[PDB]
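**Q** Sending over upload-v2.pdb (PDB, C-alpha atoms).
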```pdb
ATOM      1  CA  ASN E   1      23.113  12.524  18.242
ATOM      2  CA  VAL E   2      22.232  15.262  15.763
ATOM      3  CA  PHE E   3      18.783  13.654  15.554
ATOM      4  CA  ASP E   4      18.843  13.028  19.332
ATOM      5  CA  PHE E   5      17.475   9.513  19.182
ATOM      6  CA  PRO E   6      16.906   7.958  22.632
ATOM      7  CA  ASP E   7      19.267   5.027  22.088
ATOM      8  CA  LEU E   8      21.902   4.791  19.374
ATOM      9  CA  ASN E   9      20.740   1.205  18.930
ATOM     10  CA  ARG E  10      17.172   2.533  18.780
ATOM     11  CA  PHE E  11      18.318   4.961  16.093
ATOM     12  CA  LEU E  12      19.758   1.936  14.298
ATOM     13  CA  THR E  13      16.479   0.076  14.877
ATOM     14  CA  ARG E  14      14.530   2.844  13.167
ATOM     15  CA  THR E  15      17.050   3.521  10.393
ATOM     16  CA  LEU E  16      17.746  -0.107   9.443
ATOM     17  CA  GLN E  17      14.227  -0.593   8.036
ATOM     18  CA  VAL E  18      15.402   1.529   5.103
ATOM     19  CA  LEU E  19      19.212   1.301   5.357
ATOM     20  CA  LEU E  20      19.348  -2.467   4.866
ATOM     21  CA  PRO E  21      17.571  -2.060   1.495
ATOM     22  CA  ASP E  22      20.185   0.462   0.364
ATOM     23  CA  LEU E  23      22.989  -1.649   1.820
ATOM     24  CA  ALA E  24      21.725  -4.524  -0.325
ATOM     25  CA  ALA E  25      21.351  -2.172  -3.297
ATOM     26  CA  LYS E  26      25.064  -1.472  -2.952
ATOM     27  CA  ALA E  27      25.768  -5.206  -2.452
ATOM     28  CA  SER E  28      29.412  -4.475  -1.679
ATOM     29  CA  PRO E  29      31.650  -6.567   0.581
ATOM     30  CA  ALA E  30      31.920  -3.398   2.649
ATOM     31  CA  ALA E  31      28.120  -3.541   2.852
ATOM     32  CA  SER E  32      28.321  -7.085   4.234
ATOM     33  CA  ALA E  33      30.893  -5.969   6.806
ATOM     34  CA  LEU E  34      28.680  -3.029   7.775
ATOM     35  CA  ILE E  35      25.677  -5.332   8.161
ATOM     36  CA  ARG E  36      27.776  -7.564  10.412
ATOM     37  CA  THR E  37      28.809  -4.492  12.409
ATOM     38  CA  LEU E  38      25.180  -3.423  12.819
ATOM     39  CA  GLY E  39      24.166  -6.932  13.859
ATOM     40  CA  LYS E  40      26.933  -6.785  16.455
ATOM     41  CA  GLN E  41      25.694  -3.427  17.753
ATOM     42  CA  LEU E  42      22.113  -4.715  17.663
ATOM     43  CA  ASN E  43      23.402  -8.038  19.080
ATOM     44  CA  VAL E  44      21.804 -10.080  16.295
ATOM     45  CA  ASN E  45      23.137 -12.403  13.626
ATOM     46  CA  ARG E  46      24.030 -10.978  10.227
ATOM     47  CA  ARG E  47      22.040 -13.758   8.543
ATOM     48  CA  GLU E  48      18.735 -13.268  10.378
ATOM     49  CA  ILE E  49      18.580  -9.454  10.220
ATOM     50  CA  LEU E  50      18.637  -9.662   6.431
ATOM     51  CA  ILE E  51      15.882 -12.295   6.353
ATOM     52  CA  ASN E  52      13.814 -10.079   8.649
ATOM     53  CA  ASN E  53      14.256  -6.817   6.736
ATOM     54  CA  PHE E  54      14.105  -8.602   3.359
ATOM     55  CA  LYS E  55      10.586  -7.222   2.952
ATOM     56  CA  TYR E  56      11.748  -3.609   2.748
ATOM     57  CA  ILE E  57      14.970  -4.791   1.082
ATOM     58  CA  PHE E  58      13.258  -6.383  -1.923
ATOM     59  CA  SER E  59      10.710  -3.560  -1.907
ATOM     60  CA  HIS E  60      13.333  -0.850  -2.397
ATOM     61  CA  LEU E  61      15.199  -3.148  -4.792
ATOM     62  CA  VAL E  62      12.235  -3.495  -7.151
ATOM     63  CA  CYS E  63      11.567   0.200  -6.520
ATOM     64  CA  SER E  64      15.017   1.322  -7.703
ATOM     65  CA  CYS E  65      17.586  -1.083  -9.171
ATOM     66  CA  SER E  66      18.708  -2.600 -12.449
ATOM     67  CA  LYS E  67      17.772  -6.166 -13.348
ATOM     68  CA  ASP E  68      21.395  -7.310 -13.475
ATOM     69  CA  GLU E  69      22.136  -5.450 -10.244
ATOM     70  CA  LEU E  70      18.905  -6.902  -8.851
ATOM     71  CA  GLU E  71      20.147 -10.438  -9.532
ATOM     72  CA  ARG E  72      23.597  -9.533  -8.184
ATOM     73  CA  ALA E  73      22.145  -8.248  -4.913
ATOM     74  CA  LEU E  74      19.790 -11.240  -4.750
ATOM     75  CA  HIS E  75      22.665 -13.716  -4.996
ATOM     76  CA  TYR E  76      24.747 -11.672  -2.549
ATOM     77  CA  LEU E  77      21.928 -11.622   0.002
ATOM     78  CA  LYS E  78      21.269 -15.341  -0.475
ATOM     79  CA  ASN E  79      24.920 -16.131   0.232
ATOM     80  CA  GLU E  80      25.009 -13.740   3.197
ATOM     81  CA  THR E  81      21.869 -15.215   4.768
ATOM     82  CA  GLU E  82      23.194 -18.718   3.916
ATOM     83  CA  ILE E  83      19.754 -19.625   2.509
ATOM     84  CA  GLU E  84      18.240 -19.713  -0.962
ATOM     85  CA  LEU E  85      16.728 -16.367  -1.920
ATOM     86  CA  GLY E  86      13.712 -18.152  -3.381
ATOM     87  CA  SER E  87      13.076 -19.926  -0.086
ATOM     88  CA  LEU E  88      13.386 -16.659   1.845
ATOM     89  CA  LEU E  89      10.946 -14.958  -0.530
ATOM     90  CA  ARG E  90       8.585 -17.900  -0.007
ATOM     91  CA  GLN E  91       8.947 -17.310   3.735
ATOM     92  CA  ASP E  92       7.989 -13.689   2.914
ATOM     93  CA  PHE E  93       4.718 -14.771   1.264
ATOM     94  CA  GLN E  94       2.607 -11.639   1.777
ATOM     95  CA  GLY E  95       4.839  -9.084   3.506
ATOM     96  CA  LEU E  96       6.798  -8.422   0.311
ATOM     97  CA  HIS E  97       3.675  -8.046  -1.842
ATOM     98  CA  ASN E  98       2.455  -5.616   0.810
ATOM     99  CA  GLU E  99       5.416  -3.276   0.355
ATOM    100  CA  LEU E 100       5.190  -3.705  -3.420
ATOM    101  CA  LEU E 101       1.571  -2.542  -3.387
ATOM    102  CA  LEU E 102       2.692   0.256  -1.065
ATOM    103  CA  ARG E 103       5.306   1.428  -3.588
ATOM    104  CA  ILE E 104       3.075   1.009  -6.668
ATOM    105  CA  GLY E 105       1.917   4.627  -6.404
ATOM    106  CA  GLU E 106       5.545   5.652  -6.855
ATOM    107  CA  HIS E 107       6.660   3.095  -9.473
ATOM    108  CA  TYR E 108       3.696   1.398 -11.160
ATOM    109  CA  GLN E 109       5.852  -0.277 -13.812
ATOM    110  CA  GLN E 110       8.717  -1.188 -11.476
ATOM    111  CA  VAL E 111       6.343  -2.891  -9.050
ATOM    112  CA  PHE E 112       4.634  -4.536 -12.016
ATOM    113  CA  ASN E 113       8.000  -6.118 -12.787
ATOM    114  CA  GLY E 114       8.467  -6.918  -9.097
ATOM    115  CA  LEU E 115       5.089  -8.646  -8.887
ATOM    116  CA  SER E 116       5.935 -10.559 -12.061
ATOM    117  CA  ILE E 117       9.060 -11.788 -10.171
ATOM    118  CA  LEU E 118       6.751 -12.202  -7.111
ATOM    119  CA  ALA E 119       4.577 -14.615  -9.220
ATOM    120  CA  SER E 120       7.535 -16.393 -10.869
ATOM    121  CA  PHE E 121       8.873 -17.283  -7.427
ATOM    122  CA  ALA E 122       5.328 -17.930  -6.182
ATOM    123  CA  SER E 123       4.829 -20.814  -8.636
ATOM    124  CA  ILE E 124       3.859 -12.935 -16.056
ATOM    125  CA  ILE E 125       3.362  -9.303 -17.090
ATOM    126  CA  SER E 126      -0.238  -9.422 -18.322
ATOM    127  CA  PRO E 127      -2.278  -6.911 -16.278
ATOM    128  CA  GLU E 128      -5.230  -9.280 -15.935
ATOM    129  CA  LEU E 129      -2.876 -12.135 -15.036
ATOM    130  CA  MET E 130      -1.175  -9.893 -12.472
ATOM    131  CA  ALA E 131      -4.517  -8.957 -10.914
ATOM    132  CA  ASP E 132      -5.552 -12.617 -10.767
ATOM    133  CA  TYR E 133      -2.244 -13.566  -9.136
ATOM    134  CA  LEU E 134      -2.795 -10.736  -6.644
ATOM    135  CA  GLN E 135      -6.570 -11.254  -6.244
ATOM    136  CA  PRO E 136      -6.063 -13.772  -3.387
ATOM    137  CA  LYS E 137      -3.871 -11.555  -1.199
ATOM    138  CA  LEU E 138      -6.255  -8.594  -1.604
ATOM    139  CA  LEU E 139      -7.956  -8.697   1.809
ATOM    140  CA  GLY E 140      -4.636  -9.091   3.598
ATOM    141  CA  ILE E 141      -3.046  -6.429   1.410
ATOM    142  CA  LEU E 142      -5.931  -4.077   2.179
ATOM    143  CA  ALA E 143      -5.468  -4.803   5.880
ATOM    144  CA  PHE E 144      -1.760  -4.010   5.599
ATOM    145  CA  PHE E 145      -2.582  -0.732   3.853
ATOM    146  CA  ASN E 146      -5.115   0.094   6.567
ATOM    147  CA  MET E 147      -2.621  -0.633   9.346
ATOM    148  CA  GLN E 148      -0.036   1.503   7.564
ATOM    149  CA  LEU E 149      -2.525   4.369   7.408
ATOM    150  CA  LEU E 150      -3.211   3.771  11.104
ATOM    151  CA  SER E 151       0.375   3.493  12.345
ATOM    152  CA  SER E 152       1.909   6.564  13.963
ATOM    153  CA  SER E 153       5.387   5.354  12.987
ATOM    154  CA  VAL E 154       4.883   6.407   9.358
ATOM    155  CA  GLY E 155       4.602  10.073   8.447
ATOM    156  CA  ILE E 156       1.743  11.826   6.714
ATOM    157  CA  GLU E 157       3.816  11.889   3.530
ATOM    158  CA  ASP E 158       4.146   8.111   3.745
ATOM    159  CA  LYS E 159       0.382   8.073   4.282
ATOM    160  CA  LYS E 160      -0.219  10.120   1.130
ATOM    161  CA  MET E 161       2.086   7.781  -0.781
ATOM    162  CA  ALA E 162       0.159   4.778   0.554
ATOM    163  CA  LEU E 163      -3.108   6.423  -0.489
ATOM    164  CA  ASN E 164      -1.830   6.991  -4.023
ATOM    165  CA  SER E 165      -0.581   3.406  -4.087
ATOM    166  CA  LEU E 166      -4.026   2.245  -2.985
ATOM    167  CA  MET E 167      -5.635   4.270  -5.769
ATOM    168  CA  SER E 168      -3.364   2.664  -8.357
ATOM    169  CA  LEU E 169      -4.038  -0.737  -6.782
ATOM    170  CA  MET E 170      -7.803  -0.294  -7.003
ATOM    171  CA  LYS E 171      -7.278   0.700 -10.634
ATOM    172  CA  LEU E 172      -5.216  -2.428 -11.308
ATOM    173  CA  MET E 173      -7.591  -4.773  -9.476
ATOM    174  CA  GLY E 174     -10.403  -4.260 -11.970
ATOM    175  CA  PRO E 175     -14.156  -4.188 -11.385
ATOM    176  CA  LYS E 176     -14.366  -7.875 -10.438
ATOM    177  CA  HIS E 177     -11.746  -7.699  -7.685
ATOM    178  CA  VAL E 178     -12.974  -4.283  -6.524
ATOM    179  CA  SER E 179     -16.548  -5.543  -6.237
ATOM    180  CA  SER E 180     -15.298  -8.635  -4.410
ATOM    181  CA  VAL E 181     -13.280  -6.623  -1.870
ATOM    182  CA  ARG E 182     -15.715  -3.666  -1.585
ATOM    183  CA  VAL E 183     -16.244  -4.144   2.164
ATOM    184  CA  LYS E 184     -12.589  -4.105   3.225
ATOM    185  CA  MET E 185     -11.897  -1.442   0.595
ATOM    186  CA  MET E 186     -14.596   0.675   2.241
ATOM    187  CA  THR E 187     -13.044   0.111   5.659
ATOM    188  CA  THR E 188      -9.681   1.264   4.320
ATOM    189  CA  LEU E 189     -11.282   4.271   2.617
ATOM    190  CA  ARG E 190     -12.882   5.133   5.961
ATOM    191  CA  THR E 191      -9.399   4.970   7.469
ATOM    192  CA  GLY E 192      -8.237   7.273   4.689
ATOM    193  CA  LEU E 193     -11.024   9.650   5.649
ATOM    194  CA  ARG E 194      -9.848   9.414   9.272
ATOM    195  CA  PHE E 195      -6.453  10.554   7.990
ATOM    196  CA  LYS E 196      -7.934  13.020   5.453
ATOM    197  CA  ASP E 197      -7.387  15.951   7.821
ATOM    198  CA  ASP E 198      -4.536  17.129   5.583
ATOM    199  CA  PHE E 199      -4.783  15.310   2.216
ATOM    200  CA  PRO E 200      -8.454  15.984   1.452
ATOM    201  CA  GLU E 201      -8.488  15.921  -2.354
ATOM    202  CA  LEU E 202      -6.352  12.774  -2.242
ATOM    203  CA  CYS E 203      -8.979  10.846  -0.284
ATOM    204  CA  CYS E 204     -11.535  12.522  -2.538
ATOM    205  CA  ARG E 205      -9.911  11.013  -5.626
ATOM    206  CA  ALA E 206      -9.740   7.695  -3.781
ATOM    207  CA  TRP E 207     -13.500   7.930  -3.258
ATOM    208  CA  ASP E 208     -14.003   8.950  -6.893
ATOM    209  CA  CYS E 209     -12.322   5.676  -7.814
ATOM    210  CA  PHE E 210     -14.219   3.665  -5.190
ATOM    211  CA  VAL E 211     -17.464   5.079  -6.615
ATOM    212  CA  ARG E 212     -17.102   5.453 -10.380
ATOM    213  CA  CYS E 213     -14.558   2.674 -10.920
ATOM    214  CA  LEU E 214     -16.496   0.484  -8.497
ATOM    215  CA  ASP E 215     -19.287  -1.834  -9.600
ATOM    216  CA  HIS E 216     -22.313  -0.174 -11.180
ATOM    217  CA  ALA E 217     -24.982  -2.627 -10.004
ATOM    218  CA  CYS E 218     -24.215  -3.117  -6.299
ATOM    219  CA  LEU E 219     -23.874   0.575  -5.518
ATOM    220  CA  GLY E 220     -26.696   1.351  -2.957
ATOM    221  CA  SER E 221     -26.059  -1.253  -0.167
ATOM    222  CA  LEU E 222     -22.678   0.556  -0.089
ATOM    223  CA  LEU E 223     -23.858   3.999  -1.222
ATOM    224  CA  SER E 224     -25.367   4.407   2.244
ATOM    225  CA  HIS E 225     -21.998   4.317   3.997
ATOM    226  CA  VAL E 226     -20.491   6.118   0.999
ATOM    227  CA  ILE E 227     -22.681   9.159   1.617
ATOM    228  CA  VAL E 228     -22.240   8.791   5.382
ATOM    229  CA  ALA E 229     -18.457   9.007   5.024
ATOM    230  CA  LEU E 230     -18.405  11.627   2.254
ATOM    231  CA  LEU E 231     -20.483  13.909   4.476
ATOM    232  CA  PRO E 232     -17.284  15.213   6.147
ATOM    233  CA  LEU E 233     -15.457  15.680   2.838
ATOM    234  CA  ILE E 234     -18.109  17.981   1.354
ATOM    235  CA  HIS E 235     -17.696  20.478   4.200
ATOM    236  CA  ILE E 236     -13.913  20.601   3.747
ATOM    237  CA  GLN E 237     -14.323  21.312   0.034
ATOM    238  CA  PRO E 238     -17.199  20.567  -2.372
ATOM    239  CA  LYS E 239     -15.276  20.776  -5.659
ATOM    240  CA  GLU E 240     -14.818  17.065  -6.359
ATOM    241  CA  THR E 241     -17.195  15.820  -3.664
ATOM    242  CA  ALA E 242     -19.979  17.368  -5.747
ATOM    243  CA  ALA E 243     -18.946  15.401  -8.833
ATOM    244  CA  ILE E 244     -18.654  12.243  -6.723
ATOM    245  CA  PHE E 245     -22.176  12.724  -5.387
ATOM    246  CA  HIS E 246     -23.459  13.415  -8.901
ATOM    247  CA  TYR E 247     -21.865  10.240 -10.271
ATOM    248  CA  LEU E 248     -23.366   8.326  -7.347
ATOM    249  CA  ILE E 249     -26.870   9.782  -7.732
ATOM    250  CA  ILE E 250     -27.352  10.933 -11.316
ATOM    251  CA  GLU E 251     -25.411   8.210 -13.125
ATOM    252  CA  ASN E 252     -26.520   5.132 -11.166
ATOM    253  CA  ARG E 253     -30.011   6.506 -10.467
ATOM    254  CA  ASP E 254     -31.764   3.408 -11.819
ATOM    255  CA  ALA E 255     -29.643   1.063  -9.691
ATOM    256  CA  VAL E 256     -30.168   3.495  -6.783
ATOM    257  CA  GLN E 257     -33.949   3.024  -6.851
ATOM    258  CA  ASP E 258     -34.627   2.478  -3.132
ATOM    259  CA  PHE E 259     -31.258   3.379  -1.604
ATOM    260  CA  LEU E 260     -31.849   6.927  -2.857
ATOM    261  CA  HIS E 261     -34.914   7.372  -0.646
ATOM    262  CA  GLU E 262     -33.106   5.457   2.104
ATOM    263  CA  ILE E 263     -30.464   8.216   2.370
ATOM    264  CA  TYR E 264     -32.205  11.206   3.956
ATOM    265  CA  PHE E 265     -29.084  12.880   5.410
ATOM    266  CA  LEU E 266     -27.720  15.388   2.900
ATOM    267  CA  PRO E 267     -25.612  18.533   3.361
ATOM    268  CA  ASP E 268     -26.140  21.865   1.600
TER     269      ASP E 268
END
```
Write out the structure in this file as structure tokens.
**A**
Amino acid sequence: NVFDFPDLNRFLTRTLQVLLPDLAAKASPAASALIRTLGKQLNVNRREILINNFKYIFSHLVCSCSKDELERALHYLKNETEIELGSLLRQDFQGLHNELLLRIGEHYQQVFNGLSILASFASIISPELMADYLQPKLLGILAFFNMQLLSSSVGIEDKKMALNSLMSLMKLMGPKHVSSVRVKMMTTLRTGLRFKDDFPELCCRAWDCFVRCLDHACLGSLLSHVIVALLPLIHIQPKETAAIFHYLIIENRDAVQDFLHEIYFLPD
């Protein structure tokens, strides 16, 4: 009522997406009773609601919890859902990894541990091994990030967090994975530009990564759209856009032999 949600059950619908993770983080018998109460109010079973919100549940768990408490809550949730937690996580093949890569910008190391537990159940802390275990999901993960940037349900602060997470993810992917996913990465960076009305330098750093950290050879087939998109960012502010353009032009000039002349649109 203080928030004036349309329906109290709609307020519960919105709030649960984050409350269920904290309810599991408490892992108390009172928490189980409260989950049953919510399922009654939402007219759903206490076992299925947990399996459904397990994405955000495990996400917040790996985001903030202790390993012993993590295992405690895992066993508690398995018993409450009446199914093996490993099987549920298997049923959550990509949705969980999505939220993990969304929370990486907040807790790099915590989500590194979570992905290590993501890979242990998927069958592991080496960064290259982690990237290779995540290299398959990339396109789908990029699509999830893009949809998150697109959704009106998430705030602009959540969008900035997702952008930072995407920056860290592009850093972790390495030049091979980045070069492989360049097209979808460029689509998602265009989405970031579409949202860059308020977080300009954030998207600018994202582009600095997608340019400098990106492959050095195959720059120009993509440098076309890179300049086309960065055109709006320069007008907002030129501080880092100038350095981005310099790295694109000056540094990779030899590998920008023809694509340089191909790009005749340039601001002042």
**Q** Please list as a VMD selection string every residue within 10 Å of stretch 160-170 of chain E, counting all atoms listed in the file and excluding residues in the same chain fewer than 6 positions away.
**A** chain E and resid 99 to 108 131 138 141 to 142 145 to 146 148 to 149 177 to 178 181 185 188 to 189 192 195 to 196 198 to 199 202 to 203 205 to 210 213 to 214
**Q** For atom CA of residue E:155 and atom CA of residue E:16, determine how far apart the two atoms are, in Å to one decimal place.
**A**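 Separation between atom CA of residue E:155 and atom CA of residue E:16: 16.7 Å.
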**Q** State, in Å with one decimal place, the distance from atom CA of residue E:200 to atom CA of residue E:183.
**A**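 Separation between atom CA of residue E:200 and atom CA of residue E:183: 21.6 Å.
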**Q** Pick out the closest residue to residue E:38 from this set: E:126, E:66, E:9, E:59. Count all atoms listed in the file.
**A**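 Closest residue, counting all atoms listed in the file: E:9.
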**Q** Counting all atoms listed in the file, note down every residue that has an atom within 10 Å of the point (-2.6, -12.3, -5.3) (file coordinates), as a VMD selection string.
**A** chain E and resid 94 97 115 118 to 119 122 129 to 141 173
**Q** Keeping only C-alpha atoms, write the selected residues to a file as a CSV table (one decimal), in the frame of the given file.
**A**
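See result08.csv below for the written result:
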```
chain,number,residue,atom,x,y,z
E,94,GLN,CA,2.6,-11.6,1.8
E,97,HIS,CA,3.7,-8.0,-1.8
E,115,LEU,CA,5.1,-8.6,-8.9
E,118,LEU,CA,6.8,-12.2,-7.1
E,119,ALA,CA,4.6,-14.6,-9.2
E,122,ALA,CA,5.3,-17.9,-6.2
E,129,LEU,CA,-2.9,-12.1,-15.0
E,130,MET,CA,-1.2,-9.9,-12.5
E,131,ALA,CA,-4.5,-9.0,-10.9
E,132,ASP,CA,-5.6,-12.6,-10.8
E,133,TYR,CA,-2.2,-13.6,-9.1
E,134,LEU,CA,-2.8,-10.7,-6.6
E,135,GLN,CA,-6.6,-11.3,-6.2
E,136,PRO,CA,-6.1,-13.8,-3.4
E,137,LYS,CA,-3.9,-11.6,-1.2
E,138,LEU,CA,-6.3,-8.6,-1.6
E,139,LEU,CA,-8.0,-8.7,1.8
E,140,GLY,CA,-4.6,-9.1,3.6
E,141,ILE,CA,-3.0,-6.4,1.4
E,173,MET,CA,-7.6,-4.8,-9.5
```
**Q** Just how far from atom CA of residue E:7 is atom CA of residue E:43, in Å to one decimal?
**A** 14.0 Å
**Q** Please determine, counting all atoms listed in the file, which residue among E:68, E:236, E:190, E:245 has the shortest atom-to-atom distance to residue E:211.
**A** E:245
**Q** Given the choices E:223, E:117, E:218, E:263, which gets closest to residue E:58 if the distance is worked out from all atoms listed in the file?
**A**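 Comparing E:223, E:117, E:218, E:263 against residue E:58, the winner is E:117.
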**Q** Name the residues that the PyMOL selection byres ((chain E and resi 81-88) around 8) pulls out of this structure, and write them as a list in words.
**A**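 In the shown coordinates, the PyMOL selection byres ((chain E and resi 81-88) around 8) covers residues 46, 47, 48, 50, 51, 74, 75, 77, 78, 79, 80, 89, 90, 91, 92 and 121 of chain E.
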**Q** Using only C-alpha atoms, which of the listed residues (E:157, E:240, E:268, E:262) sits closest to residue E:220?
**A** E:262
**Q** Counting all atoms listed in the file, which residue out of E:159, E:216, E:40, E:60 sits closest to residue E:22?
**A**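 Closest to residue E:22, using all atoms listed in the file: E:60.
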**Q** Quick one: apply the PyMOL selection byres ((chain E and resi 258) around 12) to the file and drop the selected residues here as a ChimeraX atom specification.
**A** /E:219-221,223-224,249,252-257,259-264
**Q** Restrict the selected residues to C-alpha atoms and save them as an mmCIF file, in the coordinates of the input.
**A**
```
data_model
loop_
_atom_site.group_PDB
_atom_site.id
_atom_site.type_symbol
_atom_site.label_atom_id
_atom_site.label_comp_id
_atom_site.auth_asym_id
_atom_site.auth_seq_id
_atom_site.Cartn_x
_atom_site.Cartn_y
_atom_site.Cartn_z
ATOM 1 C CA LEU E 219 -23.874 0.575 -5.518
ATOM 2 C CA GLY E 220 -26.696 1.351 -2.957
ATOM 3 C CA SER E 221 -26.059 -1.253 -0.167
ATOM 4 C CA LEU E 223 -23.858 3.999 -1.222
ATOM 5 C CA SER E 224 -25.367 4.407 2.244
ATOM 6 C CA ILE E 249 -26.870 9.782 -7.732
ATOM 7 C CA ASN E 252 -26.520 5.132 -11.166
ATOM 8 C CA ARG E 253 -30.011 6.506 -10.467
ATOM 9 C CA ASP E 254 -31.764 3.408 -11.819
ATOM 10 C CA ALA E 255 -29.643 1.063 -9.691
ATOM 11 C CA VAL E 256 -30.168 3.495 -6.783
ATOM 12 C CA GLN E 257 -33.949 3.024 -6.851
ATOM 13 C CA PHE E 259 -31.258 3.379 -1.604
ATOM 14 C CA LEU E 260 -31.849 6.927 -2.857
ATOM 15 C CA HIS E 261 -34.914 7.372 -0.646
ATOM 16 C CA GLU E 262 -33.106 5.457 2.104
ATOM 17 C CA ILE E 263 -30.464 8.216 2.370
ATOM 18 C CA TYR E 264 -32.205 11.206 3.956
#
```
**Q** Report as AutoDock Vina command-line options the centre and the edge lengths, in Å to one decimal, of the axis-aligned box holding every listed atom of stretch 247-258 of chain E, padded by 5 Å on each side.
**A**
```
--center_x -28.2 --center_y 6.0 --center_z -8.1 --size_x 22.8 --size_y 19.9 --size_z 20.0
```
**Q** The residues within 12 Å of (26.6, -3.4, -2.8), using only C-alpha atoms and the coordinates of the file, should be reported as a compact mmCIF listing (two decimals) with C-alpha atoms, in the frame of the given file; which are they?
**A**
```txt
# COMPACT_ATOMS: atom_id res chain seq x y z
CA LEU E 19 19.21 1.30 5.36
CA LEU E 20 19.35 -2.47 4.87
CA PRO E 21 17.57 -2.06 1.50
CA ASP E 22 20.18 0.46 0.36
CA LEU E 23 22.99 -1.65 1.82
CA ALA E 24 21.72 -4.52 -0.32
CA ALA E 25 21.35 -2.17 -3.30
CA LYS E 26 25.06 -1.47 -2.95
CA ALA E 27 25.77 -5.21 -2.45
CA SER E 28 29.41 -4.47 -1.68
CA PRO E 29 31.65 -6.57 0.58
CA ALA E 30 31.92 -3.40 2.65
CA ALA E 31 28.12 -3.54 2.85
CA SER E 32 28.32 -7.08 4.23
CA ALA E 33 30.89 -5.97 6.81
CA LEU E 34 28.68 -3.03 7.78
CA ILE E 35 25.68 -5.33 8.16
CA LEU E 61 15.20 -3.15 -4.79
CA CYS E 65 17.59 -1.08 -9.17
CA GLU E 69 22.14 -5.45 -10.24
CA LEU E 70 18.90 -6.90 -8.85
CA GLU E 71 20.15 -10.44 -9.53
CA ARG E 72 23.60 -9.53 -8.18
CA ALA E 73 22.14 -8.25 -4.91
CA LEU E 74 19.79 -11.24 -4.75
CA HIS E 75 22.66 -13.72 -5.00
CA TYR E 76 24.75 -11.67 -2.55
CA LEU E 77 21.93 -11.62 0.00
```
